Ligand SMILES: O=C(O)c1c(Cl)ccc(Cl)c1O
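Here you get one chain, nothing else, as structure tokens; it is the form solved without 3,6-dichloro-2-hydroxybenzoic acid.
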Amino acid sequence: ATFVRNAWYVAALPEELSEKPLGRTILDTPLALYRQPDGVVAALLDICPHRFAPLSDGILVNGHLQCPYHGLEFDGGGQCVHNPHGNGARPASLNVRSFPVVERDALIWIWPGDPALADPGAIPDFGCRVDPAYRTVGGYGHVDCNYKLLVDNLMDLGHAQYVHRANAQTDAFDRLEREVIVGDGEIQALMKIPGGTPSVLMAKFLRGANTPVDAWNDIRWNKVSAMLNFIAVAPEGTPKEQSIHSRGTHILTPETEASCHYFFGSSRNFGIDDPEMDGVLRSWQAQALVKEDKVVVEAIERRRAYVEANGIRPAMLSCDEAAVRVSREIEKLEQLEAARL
């Protein structure tokens, strides 16, 4: 498959890991993810060096992952620390590949490429997720589509007007204002819906509304497939700087060429201590992302064979600039690698 391996990808949410290993495939690479006794997260190739058994099916012994087949034990670095057979020798050939991993902003980031090049400073900024001023809730979802389809989906938040009709439709959609900002390793799609009636969702954020209001749906894309949106609503002429909002985490990580992992979240500055508001945001993520965006994109993935078999290319609309620019940047990154090594 075609992937951009030299970049950080989210492999899991902190709460998904423990002393019991989690087996998950990232960029066609099977991984064994677990948290060691000292709390440090480890990510090993889920293939024992001996006979290829799944290390993820083993248990921790003295904080070391024990292969369930013949008992070899490994440390977080992939180093074999115990061989219960024969002279118990541990030659270098018994070490397993260990991947660079960094736990930051309540996310487990992994570098699937040359471990020597992993640069922590290149990890996208999702600080809001651990900011005490924000309330964050979210989850995980699996989708049977190429990750680029979801990136396209998120880079044109205008699809909410239809796919999420019941919760996001606005009567001022025809008055939308959009801008695209290209930076270094970052692209932004700004959108503002002026003087309209709050959508059913924004209304909930406002705990009941009717009077006109201004709403924004901006989104920031960072190298490969990590996005953070900005959904905000505020009366008439109230600047978005001081508006209530939700900074949404929308990060995709390729599983196989035709499937991907979707990590989503909401970091809001309103109704912080409201379990009901928590419910509103969780219901939306469940219906919108997992049970609406999934259907559209999975159906699109099923039609790929037909479109490719024939010479069908997509027809872009005025709302596609951002998505197209991001698509082109990912394509360039793919070409570089396919061309580098």
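Throughout, rigid core stands for the largest set of C-alpha atoms superposing within 1.5 Å between the two forms. Residues carry their position along the shown sequence, with the first being 1.
* Asked: Of 236-244 and 186-194, which one has the bigger average CA B-factor?
  -> Mean CA B-factor is higher for 236-244.
* Asked: As stated in the PDB record, which stretch has the larger average Cα B-factor, 256-264 or 227-235?
  -> Here the higher of the two C-alpha B-factor means belongs to 227-235.
* Which one of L72, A215, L154, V143 shows the biggest C-alpha B-factor in the PDB entry? -> That would be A215.
* To do: Return the residue from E298, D274, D46, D57 that has the highest Cα B-factor in the entry.
  => Result of the comparison over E298, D274, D46, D57: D274.
* Asked: Considering only modelled residues of the same chain, in which third does the CA B-factor of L289 rank: lowest, middle or highest?
  -> It falls in the middle third of the chain.
* Asked: Considering only modelled residues of the same chain, in which third does the CA B-factor of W111 rank: lowest, middle or highest?
  -> Its C-alpha B-factor, which the entry lists for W111, ranks in the lowest third among residues of this chain.
* Asked: Looking at the C-alpha B-factor of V61, is it in the lowest, middle or highest third of its chain?
  -> It belongs to the highest third of the chain when residues are ordered by C-alpha B-factor.
* **Third assignment of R207 from its chain's C-alpha B-factors** => Answer is highest: the recorded C-alpha B-factor places it there.
* Lowest, middle or highest third - CA B-factor, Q36 -> Middle third, going by the recorded CA B-factors of the chain.
From this point on, the text means the form solved in complex with 3,6-dichloro-2-hydroxybenzoic acid, which you will not see here.
* Could you check the pocket for me: superposition on the site C-alphas, 3,6-dichloro-2-hydroxybenzoic acid placed as it sits in the deposited bound form, then open or blocked, blocked being at least 3 ligand atoms within 2.4 Å of backbone or C-beta atoms? => If you fit 3,6-dichloro-2-hydroxybenzoic acid onto this chain using the C-alphas around its site, the pocket comes out open.
* Choose from 111-119, 242-250, 174-182, 143-151 the stretch whose residues reach within 4.5 Å of 3,6-dichloro-2-hydroxybenzoic acid in the deposited bound form, heavy atoms counted. => Partner-contacting stretch among the options: 242-250.
* State yes only if every one of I231, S266 and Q285 has a non-hydrogen atom within 4.5 Å of 3,6-dichloro-2-hydroxybenzoic acid in the deposited bound form; otherwise state no. => Result yes, every residue of the spot touches 3,6-dichloro-2-hydroxybenzoic acid.
* To do: Align on the core first; then indicate which of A209, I244, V102, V137 has a CA shift of 2 angstroms or more between the shown form and the other one.
  => Among the listed residues, the one whose C-alpha moves by 2 Å or more is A209.
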